[PDB]
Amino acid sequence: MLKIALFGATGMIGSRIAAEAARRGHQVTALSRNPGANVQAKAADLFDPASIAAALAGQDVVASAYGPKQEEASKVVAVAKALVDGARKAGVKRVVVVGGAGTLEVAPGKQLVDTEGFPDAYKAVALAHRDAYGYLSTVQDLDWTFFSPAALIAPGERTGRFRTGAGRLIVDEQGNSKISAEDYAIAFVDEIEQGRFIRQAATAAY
């Protein structure tokens, strides 16, 4: 039903997104600099203005699925910026990006990254996600969604049972923010179809 173009498709998160979309009958194209099964593949350089716009031509949705192993703090904003510019130039309205658990709101105006005990090692990327989200909040003319994983996301069970909300922290009775990568992919692709979180942060967790 939808033509989805996806950056970061070989990642732990990205590969699950591509497979989740393919198994539903969406037409998935993995875009990369050096380009794959039920999912097609095409050359595209995210940071080359003409390259992205050309590759997105005719797509319904552009998604970026760089996760914790693929992303770099110093590139997170530029990716968001390059995506938005490409989508505009190509006429693509729906943009969905993997966000950051550190941005999840714990109280009005208070994010997880700023909480007591937040891991030092994830601070730099959490801040970069914060600015990416800050940039996207100025964008009124695209249907973007900044879709943050839970604090803990790894391969696990595909249950299709999880909570979702507009970018606030979701914890279980024990105080855990967890989502399997398969379930996060269910959420992410549901959001592509449903548009529950247009121009909003979004997140999923048990």
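The first residue of the shown sequence is 1; numbering continues from there.
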Missing residues, deposited sequence, between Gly160 and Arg161 (class: none, 1 to 3, 4 to 9, 10 or more): none
Average Cα temperature factor in the PDB entry - higher stretch of 141 to 149, 25 to 33: 25 to 33
Given 96 to 104 and 112 to 120, the range whose Cα B-factors average higher in the PDB entry: 112 to 120
Identity of residue with top Cα B-factor, from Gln174, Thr164, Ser180, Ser177: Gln174
Residue selected from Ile170, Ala63, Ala154, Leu46 by maximal Cα B factor: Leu46
Third assignment of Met1 from its chain's C-alpha B-factors: highest
